[PDB]
Every structure is written in C-alpha cells, then in structure tokens.
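K.L.:
One structure is given below, represented as structure tokens, and several questions about it will come after.
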Amino acid sequence: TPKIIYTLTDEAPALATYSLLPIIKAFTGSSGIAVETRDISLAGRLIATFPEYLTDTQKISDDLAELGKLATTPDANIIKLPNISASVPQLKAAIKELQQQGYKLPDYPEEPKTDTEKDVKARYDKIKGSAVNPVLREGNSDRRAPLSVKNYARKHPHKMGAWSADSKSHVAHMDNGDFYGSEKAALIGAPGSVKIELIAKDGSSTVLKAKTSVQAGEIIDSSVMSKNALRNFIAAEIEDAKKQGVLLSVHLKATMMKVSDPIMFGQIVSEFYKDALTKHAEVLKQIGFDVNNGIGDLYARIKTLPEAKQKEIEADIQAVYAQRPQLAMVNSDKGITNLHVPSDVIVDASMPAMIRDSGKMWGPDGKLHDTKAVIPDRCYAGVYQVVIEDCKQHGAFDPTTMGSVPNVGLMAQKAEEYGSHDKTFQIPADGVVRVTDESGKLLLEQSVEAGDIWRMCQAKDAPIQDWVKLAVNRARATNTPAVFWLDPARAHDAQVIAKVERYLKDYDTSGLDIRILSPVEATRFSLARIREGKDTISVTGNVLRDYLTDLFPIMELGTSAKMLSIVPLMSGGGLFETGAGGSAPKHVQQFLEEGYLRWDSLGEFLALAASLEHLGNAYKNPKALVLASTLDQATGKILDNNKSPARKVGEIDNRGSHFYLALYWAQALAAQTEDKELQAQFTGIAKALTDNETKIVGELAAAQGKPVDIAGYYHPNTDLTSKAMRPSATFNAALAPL
Ligand SMILES: NC(=O)c1ccc[n+]([C@@H]2O[C@H](COP(=O)([O-])OP(=O)(O)OC[C@H]3O[C@@H](n4cnc5c(N)ncnc54)[C@H](OP(=O)(O)O)[C@@H]3O)[C@@H](O)[C@H]2O)c1
C-alpha cells in the first residue's frame, strides 16, 4: 500500500489523467505500490466545501484538507499536477452553476447584504484564488530542465519569433508610490503576535487584523499601492500608448493575488471605460456591476436590460475602443480582450510568451503587434525590461545554443507574497496603519489614503535556511555559478540578504561562484552567460521563483511544462510537481472542437520517474527503483524518437505519446534483468504493444477531427470523458490482462 498521491485537477492536465493514469496504474500495480487519487480540482474543492447543501451521494471527502496534513508527515510522496487558481468571474462563478445547473445545489456570491450571504461569501472566498499550492508547498522549490530535455530542445528547436532592434514594445511601470517604493521591513525578535490597526485622521481606530503570530527570526514587511497614484499612472500609459501606436496590455497576477490585483485590475478597467461607465453610472449600479471582474462582467450582467438599453451601452462601449489604443486580445475572433476577465492574462505566462512572439500580442484585427506591457509595480517589472531590451539588442536566444537558468526558490510556509492575502486591506479612510506586537512595540507603520492597498508579508527563518542550503547544494552538484536575486533597495530583500550572507558561512563555499545581485543586475549577468552558452543557477524569492521558471524555460524548451520541478518537503516528504506550467485552457478548447489534445505530458513522466524513486529509496523497494529506472528510460526514448505531441490534427496527440510511454516502458522493463519477475510479468505486454503499434496509433488518430462533448468543463461527465480520452479499444484490452 505505500502511498503515492496522483492529484486530480482541472483542465488539460485533468483530461490527460484519464489517459495516463490507468497506464501509470498498471505498471506500479505488480510491484506492491499504491497509487491513489485525491480530487483537488476547482469543482471537487467546492463540492467538498458545502456538505450541508449536498445530498448523501453528491458529497466527496475534503482532500485539500487531507493532503494539507499528509504534506507535513515524512512519508509524503505527492505527484501534483497544475490546478486552476479560480477568479471570481466565470472561474469561481461559472463552475458554481456548471454544478447547480444540471447537477447539485450550492449557493451564490458577491456583495453580501444578509447574514447568510456574508457567511457564504466568506466561505467561497477561501475557495477562489491560490488555495491548493500554498498548502501543499511545505518546502523550497528546485526547478531545472533535465539534460536530456535540454538536449532534445537543442536538436529539435521550437520556433522563435524574429526580433527587431527597432521594436516599439516595452514594459511600463509606476515611478512613485507603489508596493516596491513603499516597503518597510522589520525583524521579529520574540515569539508572539502582532496586531494590524488603522489610525484615522478623525482620531478613531479600526482594527484590520488583531492577532497574527510571528516566530523568532521572522521577517515582516508592509507596503501599499496608492490608488490615486496608480490611477494617475494607468491614465498616462493609456494616453501615451495611443501616441506610440501600440497595444495596451496589463500583466498582473489577479489569480494568486486574490486580494489586491483584482482591485488594481478594476481601477484599470475603470480608468479605461470611464466615459461609458460614467454615462451609465446607475444602470450598472442597479444590476450590480463589479469592475474588479473585468469589463467582461458588464457584458454578462446587462443581458437582463431592455433590448434597446443594451445596445446603447454596447454602442457606447465601442465609442471608447475608438477613443483609446487597442487592447491586446485574449481571443481576437470572439472579441475577448485583455480587460475582459481577471485571469485570462497572467503575468508569469503572458510575458514569456509575449517575449517569444517578437515582443507582440494579438490585436483586435487578428495579427501580432508591438505592445506596452503594463507591470504597475517595480519589484519585478525591471527583470522583464532587461530581457526585453536584450532581445531588440541581440536577437532571440537560440534554443540550439543558449544555456539554462534553473531556480532554487524560496516558498516554504507560504513564504512572502504567496501568503499576504489575509493581511491585505483596502484602506477605509485616510489615516495611518500600525503593526504592533504583544508588548505594544511599534514594529511597522505606513501612512495611508482611502482606497489604497496595504499589505504585510512575512518570510520565516526556517524556510530561508532550508533555502540557502538547497541553493548551495545545487551550486555544488552542477558546479555552476549561482546568483541570489536580492535587491538592497527593498527593505525586505535587504534583511533577507543579511540572512543569506550569514548562512553561507555555514556551508562549503570553496570552488563555487556564488554571489548576490539585484534582480536587475542578476538578469544581466544571467542573460550574459546565457547567450554565450553558459549556465547559471537562479536563487530567488517566491514570486521570482515562478516568473523565471516560466520565463527562461519557455525560451529554451518552448514550455515550462517540459521540465523538472521537485519540492523537498521539510519533513522527509516529497512534492513532485509536473511542470513549471499550469493547466492549458486553450488546450481544452481545441480538444472540445477538433478532438486534439496538444498538452505535453513530459512534465508528468519526469514527476513519476521522480516519485517512483523517492519511494524505492526511502523504503525497502527495489522494484520501485526498477520501474522508475526504466520509466526514466522510456522517457528518453520519447525525446529520442520524437513521440511527443504535434500541434495540428493528424500526427500523435496525447494518448499517442501516452501509448509510446506505455510501449517503451513495457519493453524497457521486459528487457532488463534487475528484476526477472517484472521482466517476466511485462513481456506479455511488451510483445503486444509493438505488434499493435501501427493499429493502435491508427485507432487513436481515428478520433481526431470531430468535436467532443463531455457534458461540462469544470465537472465533466467522467464516463464520456474516459471514452473520449481512451478511444483505442485495442490498446485498452491489451492492458487489463497484464
Ligand atoms: N498549479 C500550478 O502550478 C499552476 C501554475 C500556473 C498556472 N496555473 C493555472 O493554470 C491556468 C492557465 O493559466 P495561463 O493562462 O497562464 O496558461 P498556461 O497554460 O499556464 O500557459 C502556458 C501556455 O504554454 C503551453 N503549455 C502549458 N502547459 C503545456 C503542456 N503541458 N504541454 C504543451 N503546451 C503547454 C500552452 O500554450 P500553447 O497554445 O502555446 O500550447 C499554455 O497556454 C490558470 O487558471 C492558472 O491559475 C496553475
């Protein structure tokens, strides 16, 4: 029974699992290994939150909560696939009814006016945003493209947009009054708790959070995005973006940042469609429009207004799209813009792609154009500017020659930003915010203004240490230079720098090129070594940890999904993430139309080949070490014979690869002698998958082209899905009888 948790999630990954999971299930079966599932998807996660509204047969164990515990225990061994960080819009909203609709009976959202609505909104809120990962991630990240993959990438280059030195593209960020510029850190001394309180000009005081425990050596910082400063910023960047003749695009993270970014998002959606939303201030107010949900929310709330009233609004909305620069578009043909849904454009992915595509993003028409990427803050806006100003001055990197920038990132215990939500408040009135402790000593204090966004972030000592170690560790094992991206300007990074400088003096530094630089300098020192073809380990915080693992990997491997991501749980556990990517919404869009799934499952093949080992090593299991030693191999054969997903209908799909994995794996096993047993109870298969390869492949491709219907999206009809994902009836019957 030794457990290995394969998590069930949301979109592409989700579908992929109906195909790869059974396979995985047949190989680990005869080696006394238990591969169980846990439903952490968006839908399941909700269906599990309101047991009271559901009936006996529609309930479903609360797995997030279970995994949450499993993560702190030593025998943890979890294979974690990407999952949706729901955004109030169609995300939280649409799946809620994807349920009720024809299914169950949960309940509704937004502006609560009744004790029932408040109790409910309060519970759903905990469900939207980044709820899974912060929990599971009880250790520090270590992402890195495995040689083979880098080597595959080098000989099978993914297209790269040509770069022009006279490009218009660039990144736009505020210059004053923002989180970056507002920072203020403090080093917690004694184990206690702090109170976050507002002191209004009117002498009164409002509590925002009374008790927030702080450990010794913990680092806490507070900053604030100024509403009117942001307002004055976005207003200028639009205006100017019109002169430049460029597309306006917003790169925020209104997904993980469940609290502040949707707010910044709306102020944008506000200062843009202002004339139209000002002309209809009340009509929207009635139907209850929520700008923080994108202009998209407007379009969906008005369908209830008189047929002619609608036309008026829409007709006026168009008048704005004529008075203002064209917005980059999420989907050019359906009109869906960058300002339609909070989570269509998420900075960590939006940018890498936008850089790749010659620094352009699809416009209203349907072609690519230079863009003005708006990254409001300054903490990580820089890093993208450098990379952007590098391309137009040296050309696109060559997948065939460029190096690699791994990333030993700090995240353990909801490190930094990743856990500031419950400490981010929208200021209720002009005043001053003060963070005090148990005695009453004033730790932090930052002036504020109504509408402003104030937050407090905390980085814990234990995590910073486990961090610094792993950093060195990698530095050694590869023997590559390794930089800490820590900006002295930031009162936070500053105190974290003290930590690092003092902890390296606890390990062996001899013969290692370890050094600390600003994300700005660091991106330069990196992009330098990179183009000439040299590697450079990236040791960074939690936010950069993502940005980069998504950035660099994309440039060199085409996909972040295409790499290794291991999370060494700080309690002998093992969090084995699939890829540095997320679900692939568009990947489902194609499947439900053409019957093609271009989702690459190499992330998982690595993840499996990763946990199968952790298993065998931490236990008395040789068999584990063998089916993982082989899996490692069959993977190789995947990259060597190009049995990875094509792009358009016709060649290979997903179970096509899943098939080769299955094929090459069976053979790899039935051709070894480390364990005669496996070799024997895998030959029956090995010589069946080769014989029916030509046919199976055919049976599979024999399902491409036509449309697919799975009765849903967030909570599909499992039956219909299995049959769509497991077409080849011959591959199936050649699996059950192992
Ligand atoms: N759990 C996590 O760690 C995690 C991380 C990030 C995002 N997410 C969530 O995932 C969703 C997607 O966010 P997003 O808009 O930034 O899109 P995304 O899917 O993360 O963007 C990466 C893009 O690269 C390609 N790609 C990603 N994985 C691939 C794979 N396995 N094989 C082949 N190509 C792959 C796809 O584009 P092509 O059309 O070019 O193939 C995809 O649109 C969001 O709801 C987000 O909240 C979860």
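Chain labels run A, B, ... following the order of the structure tokens; each chain numbers its residues from 1, and ligands are numbered from 1 in the order shown.
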Do you know which residues are at most 9 Å from residue 639 of chain A counting only C-alpha atoms, after dropping those on the same chain fewer than 6 positions away, and could you put them as a list in words?
P.N.:
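Near neighbours after the sequence-gap exclusion: residues 148, 149 and 152 of chain A.
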K.L.:
Set the distance at 12 Å and use only C-alpha atoms: which residues neighbour segment 191-208 of chain A once local chain neighbours fewer than 5 positions away are removed? I'd like the list as a PyMOL selection string.
P.N.:
chain A and resi 186+213-218+220+222+422-450+454-456+458+460
K.L.:
Got time to write the residues from that selection, C-alpha atoms, as a CSV table (one decimal), in the first residue's frame?
P.N.:
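That gives us selection10.csv:
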```csv
chain,number,residue,atom,x,y,z
A,186,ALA,CA,11.2,44.5,10.5
A,213,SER,CA,1.5,35.2,15.2
A,214,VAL,CA,5.2,35.8,14.4
A,215,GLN,CA,8.0,33.5,15.1
A,216,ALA,CA,11.5,34.4,16.2
A,217,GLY,CA,13.8,35.5,13.4
A,218,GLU,CA,10.8,36.0,11.1
A,220,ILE,CA,7.9,41.1,8.2
A,222,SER,CA,4.5,46.2,4.9
A,422,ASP,CA,-5.4,37.7,4.7
A,423,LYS,CA,-3.2,40.7,5.5
A,424,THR,CA,-4.0,42.9,2.5
A,425,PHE,CA,-6.7,45.5,3.1
A,426,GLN,CA,-8.3,48.2,1.1
A,427,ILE,CA,-7.9,51.4,3.3
A,428,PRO,CA,-11.3,52.5,4.7
A,429,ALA,CA,-10.3,56.2,5.2
A,430,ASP,CA,-7.3,58.5,5.2
A,431,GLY,CA,-5.1,57.6,8.1
A,432,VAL,CA,-2.1,55.6,9.2
A,433,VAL,CA,-1.6,51.9,9.6
A,434,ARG,CA,0.4,50.5,12.5
A,435,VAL,CA,1.6,46.9,13.1
A,436,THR,CA,2.2,46.4,16.8
A,437,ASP,CA,3.3,43.4,18.8
A,438,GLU,CA,2.5,41.6,22.1
A,439,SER,CA,4.0,44.3,24.4
A,440,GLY,CA,2.9,47.2,22.2
A,441,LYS,CA,6.2,48.0,20.5
A,442,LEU,CA,5.7,49.7,17.1
A,443,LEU,CA,7.2,47.3,14.5
A,444,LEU,CA,5.9,48.9,11.3
A,445,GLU,CA,3.8,52.0,10.4
A,446,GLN,CA,3.0,53.3,6.9
A,447,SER,CA,0.8,56.3,6.1
A,448,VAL,CA,-2.3,55.5,4.0
A,449,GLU,CA,-5.1,57.0,1.9
A,450,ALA,CA,-8.7,55.8,1.3
A,454,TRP,CA,-2.0,47.9,2.2
A,455,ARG,CA,-0.3,44.6,2.8
A,456,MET,CA,2.1,42.8,5.1
A,458,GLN,CA,6.3,37.5,6.2
A,460,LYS,CA,10.2,32.7,8.1
```
K.L.:
I'd like the interatomic distance between atom 31 (N, counted along the ligand's line) of ligand 1 and atom CA of residue 355 of chain A, to a tenth of an Å.
P.N.:
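Separation between atom 31 (N, counted along the ligand's line) of ligand 1 and atom CA of residue 355 of chain A: 19.3 Å.
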K.L.:
In Å, rounded to a single decimal, give me how far atom CA of residue 565 of chain A is from atom CA of residue 620 of chain A.
P.N.:
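Distance reported for this atom pair: 25.0 Å.
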K.L.:
Please compute the atom CA of residue 334 of chain A-atom CA of residue 259 of chain A distance, one decimal, in Å.
P.N.:
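So the two atoms, atom CA of residue 334 of chain A and atom CA of residue 259 of chain A, lie 28.5 Å apart.
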K.L.:
Can you list, as a VMD selection string, every protein, DNA or RNA residue that comes within 8 Å of segment 108-110 of chain A when you count only C-alpha atoms, leaving out same-chain residues fewer than 2 positions away?
P.N.:
chain A and resid 93 96 106 112 117 120 to 121 124
K.L.:
Got time to write the residues from that selection, N, CA, C and O atoms, as a CSV table (one decimal), in the first residue's frame?
P.N.:
```csv
chain,number,residue,atom,x,y,z
A,93,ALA,N,-17.4,31.7,-10.4
A,93,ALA,CA,-18.8,31.9,-10.8
A,93,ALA,C,-19.3,30.8,-11.7
A,93,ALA,O,-20.1,30.0,-11.3
A,96,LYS,N,-19.6,27.2,-10.4
A,96,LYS,CA,-20.6,27.1,-9.4
A,96,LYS,C,-21.9,26.7,-10.0
A,96,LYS,O,-22.6,25.8,-9.4
A,106,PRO,N,-25.4,24.2,-4.8
A,106,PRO,CA,-24.6,25.1,-3.9
A,106,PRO,C,-25.4,26.4,-3.7
A,106,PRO,O,-26.6,26.4,-3.5
A,112,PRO,N,-22.6,40.9,-0.1
A,112,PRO,CA,-23.5,40.4,0.9
A,112,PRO,C,-24.3,41.4,1.6
A,112,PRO,O,-23.8,42.5,2.0
A,117,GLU,N,-25.6,35.6,3.3
A,117,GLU,CA,-24.7,35.9,2.2
A,117,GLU,C,-23.3,36.1,2.7
A,117,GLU,O,-22.3,35.7,2.1
A,120,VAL,N,-21.6,32.9,3.6
A,120,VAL,CA,-21.3,32.2,2.4
A,120,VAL,C,-20.2,32.7,1.6
A,120,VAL,O,-19.3,32.0,1.1
A,121,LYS,N,-20.2,34.0,1.4
A,121,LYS,CA,-19.2,34.8,0.6
A,121,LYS,C,-17.9,34.5,1.3
A,121,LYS,O,-16.8,34.4,0.6
A,124,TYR,N,-16.7,30.9,0.3
A,124,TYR,CA,-16.3,30.7,-1.1
A,124,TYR,C,-15.0,31.4,-1.3
A,124,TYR,O,-14.1,30.9,-1.9
```
K.L.:
Which residue, A:290, A:487, A:506, A:138, has the smallest gap to residue 468 of chain A when you use only C-alpha atoms?
P.N.:
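Counting only C-alpha atoms, the residue closest to residue 468 of chain A is A:506.
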K.L.:
Check the smallest atom-to-atom distance from each of A:670, A:477, A:174, A:12 to residue 233 of chain A using only C-alpha atoms, then report the winner.
P.N.:
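Of all the options, A:174 lies closest to residue 233 of chain A.
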